[PDB]
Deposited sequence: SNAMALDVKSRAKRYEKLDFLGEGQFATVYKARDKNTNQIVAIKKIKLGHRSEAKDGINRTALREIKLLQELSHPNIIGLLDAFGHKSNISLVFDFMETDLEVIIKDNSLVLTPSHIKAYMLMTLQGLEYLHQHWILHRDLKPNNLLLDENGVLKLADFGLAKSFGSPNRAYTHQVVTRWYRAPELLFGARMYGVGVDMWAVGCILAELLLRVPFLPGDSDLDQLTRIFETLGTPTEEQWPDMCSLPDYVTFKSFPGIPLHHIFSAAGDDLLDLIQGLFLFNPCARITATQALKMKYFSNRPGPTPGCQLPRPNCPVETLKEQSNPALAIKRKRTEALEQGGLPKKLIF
């Protein structure tokens, strides 16, 4: 078409990504359902913190999706030991993520694949949610759902307990895990299995009771663990202020309903406290 391919950007199980002219092109069933999901959802959304689908083109049963080219992602930022993630940088990343998520949720769509490598940063420091191949619309009681969504390290306890129906809590828990990774520069709960993930969650945060999570025992894959006391949040993050601890606690509530929404998190005093979020131009780059 009108795009000349400059560089090969990467290859996953889904498709391959190329830097083309700047845009990024992602290469009997027919057209791939993940690509159709991305197309249909991104054509109905328009926000500076959500990746924009510029154009789609293909041949036969193949298809190629054109997005804006994004310089890096949060995974590379976290894994880069040569840059310091100041509280202002963390606040800025958190704010852009939550604004994109607020727009996404008010249009009744869950990302369901939130992780540092799905949070892309452009040359202007503008964070955008990307990889909507697992995103789905929520709010329909008739709609069926799958509990095996979100990468395990960032998966919520309701998902790890087999919750079919869920709301924005899955994205909020992934957001809390991303914030914890930003603070610790390493994955928060790096389980090697679903049981190991749940065990690490209950070790770091405590085993939830009938009081912190009323109908938790009603989930299908629920398995009772030992009464882990849980490390206090101010000991895990020793360089976190009380406002940041409140934000973390809200993001990491075992009750998904009580877990703070994107709007409530944005209204949190942490985001209005000093210092303000770093301007996108001054955010660190690898």
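Colleague: No C-alpha coordinates anywhere in a stretch? Then put that deposited-sequence range on the list, in order along the chain.
Modeller: The deposited sequence has unmodelled segments at 1-12, 34-39, 46-54, 314-349.
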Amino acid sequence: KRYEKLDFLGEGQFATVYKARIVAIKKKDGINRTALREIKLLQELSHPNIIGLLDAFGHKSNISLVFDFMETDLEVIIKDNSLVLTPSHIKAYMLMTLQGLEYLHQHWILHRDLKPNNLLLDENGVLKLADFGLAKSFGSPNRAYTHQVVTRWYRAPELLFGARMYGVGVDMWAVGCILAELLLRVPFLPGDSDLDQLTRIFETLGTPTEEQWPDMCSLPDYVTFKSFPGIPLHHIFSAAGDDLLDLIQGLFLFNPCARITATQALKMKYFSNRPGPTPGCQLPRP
From here on, numbers count along this sequence of modelled residues.
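C-alpha atoms forming the largest set that superposes within 1.5 Å between two forms make up the rigid core.
Colleague: Between 59-67 and 243-251, which one shows the bigger average Cα displacement from this form in 4 other deposited structures of this protein once the rigid core is aligned?
Modeller: This comes out as 59-67, the stretch further from the shown form in 4 other deposited structures of this protein.
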